[PDB]
Amino acid sequence: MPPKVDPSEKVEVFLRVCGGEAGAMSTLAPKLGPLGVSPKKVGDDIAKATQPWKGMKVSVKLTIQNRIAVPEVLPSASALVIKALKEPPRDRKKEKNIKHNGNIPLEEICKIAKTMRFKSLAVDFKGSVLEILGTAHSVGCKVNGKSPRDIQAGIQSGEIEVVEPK
Amino acid sequence: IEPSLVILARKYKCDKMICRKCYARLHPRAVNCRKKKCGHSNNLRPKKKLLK
Amino acid sequence: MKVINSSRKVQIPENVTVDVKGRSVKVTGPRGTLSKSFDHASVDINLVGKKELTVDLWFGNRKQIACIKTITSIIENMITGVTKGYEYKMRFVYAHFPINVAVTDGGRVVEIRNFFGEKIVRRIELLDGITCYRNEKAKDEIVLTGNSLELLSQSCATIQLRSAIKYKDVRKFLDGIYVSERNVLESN
Amino acid sequence: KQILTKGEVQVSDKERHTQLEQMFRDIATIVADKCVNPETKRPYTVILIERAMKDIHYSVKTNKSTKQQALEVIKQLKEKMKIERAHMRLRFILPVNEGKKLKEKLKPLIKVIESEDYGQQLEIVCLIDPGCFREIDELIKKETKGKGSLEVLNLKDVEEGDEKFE
Amino acid sequence: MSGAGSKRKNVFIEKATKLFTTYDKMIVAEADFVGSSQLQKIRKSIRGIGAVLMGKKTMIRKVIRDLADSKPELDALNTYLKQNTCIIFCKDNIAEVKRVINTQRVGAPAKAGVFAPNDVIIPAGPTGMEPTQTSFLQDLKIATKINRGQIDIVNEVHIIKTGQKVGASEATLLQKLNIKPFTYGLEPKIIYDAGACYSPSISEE
RNA sequence: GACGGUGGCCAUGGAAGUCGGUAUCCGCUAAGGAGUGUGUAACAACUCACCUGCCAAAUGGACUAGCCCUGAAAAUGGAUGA
């Protein structure tokens with residue numbers, strides 16, 4: 001994960017759809033990049049600056065450019081990183097074909113990813129965060145060893161990591 | 001200003017349920033024809049939108 | 001059928017005076033005087049004092065019962081009109097030819113020369129009592145005004161229906177003079 | 001039963017009429033499958049083709065197949081005139097917004113190849129169709145779109161159709 | 001019959017009577033314009049200290065609880081028979097609830113037919129009117145005047161309060177321009193006690 | 001009023017509730033479908049389910065069978081006998 005940084009200097013807002021391997025089949029939106037002063041190739045690069053290997057399709061990620069250059073931007077969705085780290089490999093050659101999520105421990109990842117989008121989302125932190133993100137991806141399971149919203153309802157993780165990302 | 005005018009125009013001409021056993025122009029809440037040829041009926045469809 | 005109807009009452013403001021004789025009312029107000037007849041069976045239509053006019057119906061059918069309310073509504077309308085008159089703002093529109101409308105209060109008539117490039121001077125006389133006046137906002141409207149709603153609306157309708165090309169597609173054009181604001185009443 | 005099985009069909013009054021029609025039908029069908037006007041590869045109407053085939057003279061048969069007869073017909077006019085017995089390839093230049101509808105009409109109608117779709121650029125497709133179908137293609141794009149459509153030849157001609165000899 | 005239908009009413013009864021005797025202080029707020037985006041920031045600050053509990057016209061189902069407490073429902077300031085209400089509950093912070101409720105307000109233009117906040121100024125003058133939007137003004141039956149070198153209907157003062165419907169034209173005008181008349185959200189009517197009124201006085205600060 | 005996770009996960013010029021595939025859960029709630037259409041490259045915006053204020057006593061529906069209407073067009077003029 002890059003360090004979470006605020007917008008400063010010139011601010012060019014971009015909405016990159018993918019970012020594990022950026023545009024393979026022009027999977028990034030080709031209208032949005034050149035409209036905000038950034039070539040297609042250039043856009044491809046800076047897609048991977050936000051999330052190099054965790055970037056999946058249908059992203060809510062913000063690629064900001066301070067003085068038309070990457071400031072090591074973080075802010076991305078909870079849903080992306082979480083899904084990504086269940087079965088780690090996420091480029092654009094494994095994301096052109098269907099794939100099943102891994103059944104591995106993911107409790108410590110969700111708390112960090114919860115407030116990766118924003119600091120405050122106007123919802124209950126430390127109480128039902130694992131209940132939300134343990135079943136955000138209804139297909140498959142978070143971890144097969146435990147049961148979502150039964151052994152994770154009372155059991156919560158985080159205290160500084162749940163409200164602010166690392 | 002201009003769109004308002006257009007919508008007004010539509011209001012009296014285009015937005016009316018147009019029957020079926022009859023082709024009588026009714027009104028957007030219609031569930032009958034009010035014609036004793038149609039037999040009142042409950043075959044109301046919307047009047048179609050513009051197409052070039 | 002034959003249930004016995006209750007009354008339908010309509011309030012009367014102290015500005016106006018409502019007469020009634022032989023099941024046929026006459027509101028008189030500051031603005032003018034409207035008159036209307038109502039012909040039905042056992043429809044006692046009376047005055048309580050000068051605050052409530054009552055309409056009744058002893059042993060009404062469903063049909064008979066329905067019309068009582070209508071009657072009441074019509075008298076309410078009359079009451080409204082004779083104390084604070086109805087105003088119908090009509091906007092006219094077409095997407096190329098500017099529709100040339102001009103009023104003649106001497107004749108009590110609206111005339112429309114252009115509308116679809118039709119070289120006829122399409123005119124019709126406004127109903128008795130009501131008038132139009134050439135109000136401008138960018139050469140877009142005409143505002144009809146009157147005592148009687150029934151007449152006023154008819155007038156509006158006449159110039160609406162006339163103002164419309166009657167050949168080929170109805171959706172493609174916007175030609176016509178249509179009623180925009182009808183709920184508004186002239187200010188006193 | 002025997003008569004039905006081994007016997008041949010005989011024309012009654014109704015059937016005589018049908019017979020007359022039949023010849024007309026056959027000529028209409030067999031001749032109009034594959035051809036273009038001399039000088040360049042362009043589509044052209046059936047009447048002209050019919051005239052051409054009459055000039056050289058042809059007698060249709062119900063004992064032969066229609067497809068078979070088509071080949072025969074074209075044989076005559078390959079010697080006489082310059083004609084196209086095979087397919088051609090087209091290239092359309094579609095807009096991004098208005099072209100989707102057009103594409104959906106074309107896709108089940110004929111084979112689409114070299115389909116290059118872009119957001120920042122105009123959509124490009126290429127077809128495989130007979131010489132008489134170009135007109136059909138171009139026409140349906142214009143009335144559906146409500147604007148002009150650029151028709152370009154990808155190739156003037158291409159193999160297969162009645163050139164592979166079915 | 002009763003205590004049935006889609007998403008049952010009986011359920012709501014449990015919330016509006018049994019949890020109406022488990023808090024020290026209360027505040028009767030007004031929710032006739034605030035959204036859900038605005039309101040969920042006032043269901044975190046309030047939720048931590050107490051709750052926002054009301055089934056809406058379930059104060060008449062509170063009469064079983066009024067046997068011991070003797071709570072005012074129609075007797076307090078605002079009889080609650082003309083406006084929507086949502087009772088704010090609090091026990092940890094009874095002092096720091098009356099002002100943090102007003103901090104989460106968000107300003108915006110008026111709407112067609114809305115009940116409206118306390119203050120509603122209509123746009124007028126050079127800043128509050130455009131030259132292109134004079135046509136609209138002309139269309140209206142009300143008079144138009146030239147004030148400060150601009151054609152306007154002229155009204156820059158309060159003509160409506162809480163529980164009085166704004167005009168359609170006015171609303172439209174508000175929407176069109178960048179004029180936001182007042183900041184609004186959950187607005188306290190009065191401060192409220194268990195079996196009494198603590199302060200029958202408005203507090204928008 | 002119709003929100004947060006969230007543009008869930010699939011797939012791709014673009015499909016971000018709303019061309020389409022599968023699951024369709026939780027937070028905060030009086031209540032808000034991983035969404036009923038209008039719309040948009042896709043969005044945004046609008047609309048609906050859903051919830052509630054105002055008003056104040058009945059209301060909504062799916063059937064049943066009486067008469068009546070539609071279904072129901074023919075040649076001299078016209079037949080409940082008039």
# chains A, B, ... in the order shown; residues from 1 in each chain; ligands from 1
$ select_by_dssp --residues "segment 2-135 of chain D" --states "strand (DSSP E or B)" --output "ChimeraX atom specification"
/D:86-94,111-116,123-130
$ write_last_selection --atoms "N, CA, C and O atoms" --output "PDB file, in the first residue's frame"
ATOM      1  N   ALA D  86     -17.784 -14.018 -56.279  1.00  0.00           N
ATOM      2  CA  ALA D  86     -17.378 -14.230 -54.887  1.00  0.00           C
ATOM      3  C   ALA D  86     -17.872 -13.090 -53.988  1.00  0.00           C
ATOM      4  O   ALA D  86     -18.593 -12.201 -54.443  1.00  0.00           O
ATOM      5  N   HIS D  87     -17.491 -13.131 -52.709  1.00  0.00           N
ATOM      6  CA  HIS D  87     -17.840 -12.068 -51.759  1.00  0.00           C
ATOM      7  C   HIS D  87     -16.953 -10.840 -51.950  1.00  0.00           C
ATOM      8  O   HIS D  87     -15.960 -10.876 -52.682  1.00  0.00           O
ATOM      9  N   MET D  88     -17.340  -9.755 -51.283  1.00  0.00           N
ATOM     10  CA  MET D  88     -16.484  -8.584 -51.083  1.00  0.00           C
ATOM     11  C   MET D  88     -16.396  -8.292 -49.589  1.00  0.00           C
ATOM     12  O   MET D  88     -17.127  -8.888 -48.789  1.00  0.00           O
ATOM     13  N   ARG D  89     -15.497  -7.383 -49.220  1.00  0.00           N
ATOM     14  CA  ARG D  89     -15.359  -6.930 -47.837  1.00  0.00           C
ATOM     15  C   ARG D  89     -15.552  -5.421 -47.761  1.00  0.00           C
ATOM     16  O   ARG D  89     -15.051  -4.680 -48.610  1.00  0.00           O
ATOM     17  N   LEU D  90     -16.281  -4.984 -46.736  1.00  0.00           N
ATOM     18  CA  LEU D  90     -16.574  -3.572 -46.509  1.00  0.00           C
ATOM     19  C   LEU D  90     -15.845  -3.079 -45.267  1.00  0.00           C
ATOM     20  O   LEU D  90     -15.329  -3.876 -44.483  1.00  0.00           O
ATOM     21  N   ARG D  91     -15.790  -1.758 -45.117  1.00  0.00           N
ATOM     22  CA  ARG D  91     -15.315  -1.108 -43.896  1.00  0.00           C
ATOM     23  C   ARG D  91     -16.203   0.097 -43.597  1.00  0.00           C
ATOM     24  O   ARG D  91     -16.250   1.047 -44.383  1.00  0.00           O
ATOM     25  N   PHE D  92     -16.897   0.043 -42.462  1.00  0.00           N
ATOM     26  CA  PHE D  92     -17.724   1.150 -41.988  1.00  0.00           C
ATOM     27  C   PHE D  92     -16.995   1.937 -40.901  1.00  0.00           C
ATOM     28  O   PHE D  92     -16.188   1.376 -40.154  1.00  0.00           O
ATOM     29  N   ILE D  93     -17.288   3.236 -40.826  1.00  0.00           N
ATOM     30  CA  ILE D  93     -16.770   4.122 -39.780  1.00  0.00           C
ATOM     31  C   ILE D  93     -17.960   4.641 -38.968  1.00  0.00           C
ATOM     32  O   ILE D  93     -18.638   5.589 -39.377  1.00  0.00           O
ATOM     33  N   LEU D  94     -18.202   4.005 -37.822  1.00  0.00           N
ATOM     34  CA  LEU D  94     -19.354   4.307 -36.967  1.00  0.00           C
ATOM     35  C   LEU D  94     -18.973   5.271 -35.845  1.00  0.00           C
ATOM     36  O   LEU D  94     -17.847   5.219 -35.348  1.00  0.00           O
ATOM     37  N   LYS D 111     -21.466 -11.587 -41.396  1.00  0.00           N
ATOM     38  CA  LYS D 111     -20.290 -11.854 -40.557  1.00  0.00           C
ATOM     39  C   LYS D 111     -19.458 -10.595 -40.315  1.00  0.00           C
ATOM     40  O   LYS D 111     -19.061  -9.923 -41.268  1.00  0.00           O
ATOM     41  N   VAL D 112     -19.193 -10.299 -39.041  1.00  0.00           N
ATOM     42  CA  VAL D 112     -18.386  -9.145 -38.637  1.00  0.00           C
ATOM     43  C   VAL D 112     -16.979  -9.614 -38.264  1.00  0.00           C
ATOM     44  O   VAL D 112     -16.818 -10.574 -37.505  1.00  0.00           O
ATOM     45  N   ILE D 113     -15.973  -8.931 -38.810  1.00  0.00           N
ATOM     46  CA  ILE D 113     -14.558  -9.190 -38.514  1.00  0.00           C
ATOM     47  C   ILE D 113     -13.805  -7.871 -38.332  1.00  0.00           C
ATOM     48  O   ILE D 113     -14.307  -6.808 -38.705  1.00  0.00           O
ATOM     49  N   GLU D 114     -12.606  -7.954 -37.755  1.00  0.00           N
ATOM     50  CA  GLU D 114     -11.740  -6.788 -37.521  1.00  0.00           C
ATOM     51  C   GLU D 114     -12.448  -5.673 -36.727  1.00  0.00           C
ATOM     52  O   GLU D 114     -12.279  -4.485 -37.019  1.00  0.00           O
ATOM     53  N   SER D 115     -13.235  -6.066 -35.725  1.00  0.00           N
ATOM     54  CA  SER D 115     -14.061  -5.124 -34.960  1.00  0.00           C
ATOM     55  C   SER D 115     -13.218  -4.366 -33.933  1.00  0.00           C
ATOM     56  O   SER D 115     -12.940  -4.883 -32.846  1.00  0.00           O
ATOM     57  N   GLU D 116     -12.814  -3.144 -34.290  1.00  0.00           N
ATOM     58  CA  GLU D 116     -12.012  -2.289 -33.412  1.00  0.00           C
ATOM     59  C   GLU D 116     -12.893  -1.191 -32.804  1.00  0.00           C
ATOM     60  O   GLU D 116     -13.287  -0.247 -33.497  1.00  0.00           O
ATOM     61  N   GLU D 123     -15.697   4.094 -33.953  1.00  0.00           N
ATOM     62  CA  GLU D 123     -15.768   2.631 -34.052  1.00  0.00           C
ATOM     63  C   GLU D 123     -15.557   2.166 -35.491  1.00  0.00           C
ATOM     64  O   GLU D 123     -16.138   2.734 -36.420  1.00  0.00           O
ATOM     65  N   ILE D 124     -14.737   1.125 -35.657  1.00  0.00           N
ATOM     66  CA  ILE D 124     -14.403   0.563 -36.971  1.00  0.00           C
ATOM     67  C   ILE D 124     -14.750  -0.930 -36.994  1.00  0.00           C
ATOM     68  O   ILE D 124     -14.397  -1.672 -36.070  1.00  0.00           O
ATOM     69  N   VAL D 125     -15.441  -1.350 -38.056  1.00  0.00           N
ATOM     70  CA  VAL D 125     -15.778  -2.759 -38.300  1.00  0.00           C
ATOM     71  C   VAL D 125     -15.532  -3.105 -39.766  1.00  0.00           C
ATOM     72  O   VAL D 125     -15.444  -2.214 -40.613  1.00  0.00           O
ATOM     73  N   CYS D 126     -15.415  -4.402 -40.048  1.00  0.00           N
ATOM     74  CA  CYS D 126     -15.301  -4.911 -41.419  1.00  0.00           C
ATOM     75  C   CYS D 126     -16.225  -6.111 -41.611  1.00  0.00           C
ATOM     76  O   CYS D 126     -16.410  -6.906 -40.691  1.00  0.00           O
ATOM     77  N   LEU D 127     -16.803  -6.231 -42.805  1.00  0.00           N
ATOM     78  CA  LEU D 127     -17.812  -7.256 -43.091  1.00  0.00           C
ATOM     79  C   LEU D 127     -17.336  -8.260 -44.137  1.00  0.00           C
ATOM     80  O   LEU D 127     -16.321  -8.051 -44.803  1.00  0.00           O
ATOM     81  N   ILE D 128     -18.076  -9.364 -44.239  1.00  0.00           N
ATOM     82  CA  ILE D 128     -17.949 -10.329 -45.334  1.00  0.00           C
ATOM     83  C   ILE D 128     -19.359 -10.537 -45.896  1.00  0.00           C
ATOM     84  O   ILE D 128     -20.232 -11.070 -45.204  1.00  0.00           O
ATOM     85  N   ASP D 129     -19.574 -10.106 -47.140  1.00  0.00           N
ATOM     86  CA  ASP D 129     -20.895 -10.155 -47.780  1.00  0.00           C
ATOM     87  C   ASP D 129     -20.781 -10.223 -49.309  1.00  0.00           C
ATOM     88  O   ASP D 129     -19.750  -9.837 -49.862  1.00  0.00           O
ATOM     89  N   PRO D 130     -21.840 -10.705 -49.999  1.00  0.00           N
ATOM     90  CA  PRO D 130     -21.812 -10.721 -51.472  1.00  0.00           C
ATOM     91  C   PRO D 130     -21.861  -9.328 -52.111  1.00  0.00           C
ATOM     92  O   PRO D 130     -22.159  -8.340 -51.434  1.00  0.00           O
TER      93      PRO D 130
END
$ residues_around --residues "residue 77 of chain D" --least-positions-apart "5" --cutoff "10 Å" --atoms "only C-alpha atoms (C1' of nucleotides)" --output "tab-separated table (two decimals) with C-alpha atoms, in the first residue's frame"
chain	number	residue	atom	x	y	z
D	35	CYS	CA	-23.05	-10.37	-60.05
D	49	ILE	CA	-29.03	-8.82	-64.52
D	52	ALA	CA	-28.05	-9.53	-69.42
D	53	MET	CA	-28.95	-13.19	-68.94
D	56	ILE	CA	-26.86	-14.40	-73.73
D	72	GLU	CA	-24.18	-22.10	-64.85
D	82	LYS	CA	-16.82	-8.53	-66.01
D	83	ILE	CA	-18.67	-9.88	-62.94
D	84	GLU	CA	-18.13	-10.89	-59.30
D	85	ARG	CA	-18.84	-14.55	-58.43
$ select_by_dssp --residues "chain D" --states "alpha helix (DSSP H)" --output "mmCIF file with C-alpha atoms, in the first residue's frame"
data_model
loop_
_atom_site.group_PDB
_atom_site.id
_atom_site.type_symbol
_atom_site.label_atom_id
_atom_site.label_comp_id
_atom_site.auth_asym_id
_atom_site.auth_seq_id
_atom_site.Cartn_x
_atom_site.Cartn_y
_atom_site.Cartn_z
ATOM 1 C CA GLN D 2 -49.132 -46.948 -55.901
ATOM 2 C CA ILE D 3 -49.996 -44.039 -58.185
ATOM 3 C CA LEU D 4 -48.992 -41.564 -55.479
ATOM 4 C CA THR D 5 -45.674 -43.301 -54.845
ATOM 5 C CA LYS D 6 -44.185 -44.100 -58.277
ATOM 6 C CA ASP D 13 -55.936 -25.781 -64.003
ATOM 7 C CA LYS D 14 -54.585 -24.156 -60.846
ATOM 8 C CA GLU D 15 -51.243 -25.893 -61.332
ATOM 9 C CA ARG D 16 -50.861 -24.592 -64.888
ATOM 10 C CA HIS D 17 -50.975 -21.049 -63.512
ATOM 11 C CA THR D 18 -48.375 -21.958 -60.893
ATOM 12 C CA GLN D 19 -46.134 -23.416 -63.596
ATOM 13 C CA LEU D 20 -46.110 -20.086 -65.430
ATOM 14 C CA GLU D 21 -45.155 -18.272 -62.233
ATOM 15 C CA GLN D 22 -42.501 -20.844 -61.377
ATOM 16 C CA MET D 23 -40.261 -19.959 -64.313
ATOM 17 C CA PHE D 24 -40.440 -16.276 -63.386
ATOM 18 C CA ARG D 25 -39.531 -17.103 -59.791
ATOM 19 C CA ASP D 26 -36.576 -19.257 -60.820
ATOM 20 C CA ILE D 27 -35.087 -16.603 -63.099
ATOM 21 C CA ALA D 28 -35.531 -14.009 -60.352
ATOM 22 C CA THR D 29 -33.747 -16.218 -57.828
ATOM 23 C CA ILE D 30 -30.973 -17.967 -59.759
ATOM 24 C CA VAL D 31 -29.716 -14.892 -61.647
ATOM 25 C CA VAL D 46 -31.973 -7.527 -60.620
ATOM 26 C CA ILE D 47 -33.738 -6.277 -63.750
ATOM 27 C CA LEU D 48 -30.426 -5.390 -65.395
ATOM 28 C CA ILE D 49 -29.029 -8.816 -64.523
ATOM 29 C CA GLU D 50 -32.116 -10.485 -65.987
ATOM 30 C CA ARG D 51 -31.701 -8.496 -69.199
ATOM 31 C CA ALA D 52 -28.054 -9.532 -69.420
ATOM 32 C CA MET D 53 -28.952 -13.191 -68.937
ATOM 33 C CA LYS D 54 -31.620 -12.953 -71.637
ATOM 34 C CA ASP D 55 -29.154 -11.382 -74.065
ATOM 35 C CA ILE D 56 -26.861 -14.397 -73.725
ATOM 36 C CA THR D 66 -31.239 -23.555 -58.135
ATOM 37 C CA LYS D 67 -27.758 -23.253 -56.635
ATOM 38 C CA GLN D 68 -26.370 -25.438 -59.419
ATOM 39 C CA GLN D 69 -28.097 -23.282 -62.028
ATOM 40 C CA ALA D 70 -26.680 -20.106 -60.490
ATOM 41 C CA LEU D 71 -23.166 -21.327 -61.264
ATOM 42 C CA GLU D 72 -24.175 -22.098 -64.846
ATOM 43 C CA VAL D 73 -25.710 -18.651 -65.263
ATOM 44 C CA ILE D 74 -22.604 -16.915 -63.931
ATOM 45 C CA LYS D 75 -20.402 -19.061 -66.174
ATOM 46 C CA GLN D 76 -22.014 -17.525 -69.249
ATOM 47 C CA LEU D 77 -21.591 -13.944 -68.002
ATOM 48 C CA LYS D 78 -18.030 -14.463 -66.673
ATOM 49 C CA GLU D 79 -17.010 -15.112 -70.306
ATOM 50 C CA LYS D 80 -19.108 -12.242 -71.717
ATOM 51 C CA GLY D 99 -23.396 3.179 -33.793
ATOM 52 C CA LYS D 100 -24.401 0.522 -31.269
ATOM 53 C CA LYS D 101 -27.906 0.231 -32.708
ATOM 54 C CA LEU D 102 -26.482 -0.036 -36.223
ATOM 55 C CA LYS D 103 -24.085 -2.772 -35.132
ATOM 56 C CA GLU D 104 -26.889 -4.877 -33.669
ATOM 57 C CA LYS D 105 -28.750 -4.844 -36.984
ATOM 58 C CA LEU D 106 -25.621 -5.803 -38.915
ATOM 59 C CA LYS D 107 -24.239 -8.535 -36.599
ATOM 60 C CA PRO D 108 -26.932 -11.225 -37.183
ATOM 61 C CA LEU D 109 -27.325 -10.151 -40.851
ATOM 62 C CA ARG D 134 -23.443 -3.590 -50.110
ATOM 63 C CA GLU D 135 -26.447 -1.468 -51.066
ATOM 64 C CA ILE D 136 -28.590 -3.264 -48.492
ATOM 65 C CA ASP D 137 -25.955 -2.649 -45.823
ATOM 66 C CA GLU D 138 -25.278 1.030 -46.481
ATOM 67 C CA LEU D 139 -28.952 1.969 -46.715
ATOM 68 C CA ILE D 140 -30.075 0.588 -43.320
ATOM 69 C CA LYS D 141 -27.341 2.528 -41.459
ATOM 70 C CA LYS D 142 -28.484 5.936 -42.732
ATOM 71 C CA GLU D 143 -32.219 5.782 -41.857
ATOM 72 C CA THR D 144 -31.568 4.179 -38.435
ATOM 73 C CA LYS D 145 -28.817 6.684 -37.508
#
$ residues_around --residues "segment 61-73 of chain F" --least-positions-apart "3" --cutoff "9 Å" --atoms "only C-alpha atoms (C1' of nucleotides)" --output "ChimeraX atom specification"
/B:36-41
$ interface_residues --of "chain F" --to "chain A" --cutoff "8 Å" --atoms "only C-alpha atoms (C1' of nucleotides)" --output "ChimeraX atom specification"
/F:4-14,16,23-28
$ write_last_selection --atoms "C-alpha atoms (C1' of nucleotides)" --output "PDB file, in the first residue's frame"
ATOM      1  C1'   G F   4     -23.441   4.170   3.979  1.00  0.00           C
ATOM      2  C1'   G F   5     -20.236  -0.261   2.862  1.00  0.00           C
ATOM      3  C1'   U F   6     -20.576   0.162  -2.859  1.00  0.00           C
ATOM      4  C1'   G F   7     -19.277   1.681  -8.963  1.00  0.00           C
ATOM      5  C1'   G F   8     -20.560  -5.721  -4.312  1.00  0.00           C
ATOM      6  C1'   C F   9     -18.842  -9.944  -7.489  1.00  0.00           C
ATOM      7  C1'   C F  10     -19.074 -11.178 -13.315  1.00  0.00           C
ATOM      8  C1'   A F  11     -17.931  -9.610 -18.188  1.00  0.00           C
ATOM      9  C1'   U F  12     -15.926  -4.778 -21.479  1.00  0.00           C
ATOM     10  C1'   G F  13     -14.311   0.997 -25.848  1.00  0.00           C
ATOM     11  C1'   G F  14     -18.336   2.142 -22.343  1.00  0.00           C
ATOM     12  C1'   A F  16     -20.906   2.956 -12.085  1.00  0.00           C
ATOM     13  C1'   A F  23     -25.393 -14.263  -5.379  1.00  0.00           C
ATOM     14  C1'   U F  24     -28.645 -10.682  -3.281  1.00  0.00           C
ATOM     15  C1'   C F  25     -25.776  -9.525   2.973  1.00  0.00           C
ATOM     16  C1'   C F  26     -24.766  -5.953   6.638  1.00  0.00           C
ATOM     17  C1'   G F  27     -24.537  -0.692   8.824  1.00  0.00           C
ATOM     18  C1'   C F  28     -27.545   3.524  10.171  1.00  0.00           C
TER      19        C F  28
END
$ closest_residue --among "C:127, C:65, C:170, C:164" --to "residue 99 of chain C" --atoms "only C-alpha atoms"
C:164
$ residues_around --residues "residue 79 of chain E" --least-positions-apart "3" --cutoff "12 Å" --atoms "only C-alpha atoms (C1' of nucleotides)" --output "list in words"
residues 28, 57, 59, 72, 73, 74, 75, 76, 82, 83, 84, 85, 189 and 190 of chain E
$ write_last_selection --atoms "C-alpha atoms" --output "mmCIF file, in the first residue's frame"
data_model
loop_
_atom_site.group_PDB
_atom_site.id
_atom_site.type_symbol
_atom_site.label_atom_id
_atom_site.label_comp_id
_atom_site.auth_asym_id
_atom_site.auth_seq_id
_atom_site.Cartn_x
_atom_site.Cartn_y
_atom_site.Cartn_z
ATOM 1 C CA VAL E 28 -38.235 17.363 20.239
ATOM 2 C CA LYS E 57 -47.771 9.513 15.816
ATOM 3 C CA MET E 59 -47.272 9.396 21.259
ATOM 4 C CA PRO E 72 -47.339 16.024 27.930
ATOM 5 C CA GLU E 73 -48.108 15.159 24.278
ATOM 6 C CA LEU E 74 -50.719 17.711 23.121
ATOM 7 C CA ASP E 75 -50.120 19.983 26.172
ATOM 8 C CA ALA E 76 -46.477 20.976 25.434
ATOM 9 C CA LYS E 82 -49.442 20.053 11.874
ATOM 10 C CA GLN E 83 -45.739 19.001 11.541
ATOM 11 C CA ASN E 84 -43.572 15.859 11.530
ATOM 12 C CA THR E 85 -41.397 15.237 14.614
ATOM 13 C CA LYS E 189 -38.606 22.879 18.658
ATOM 14 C CA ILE E 190 -38.222 22.662 22.457
#
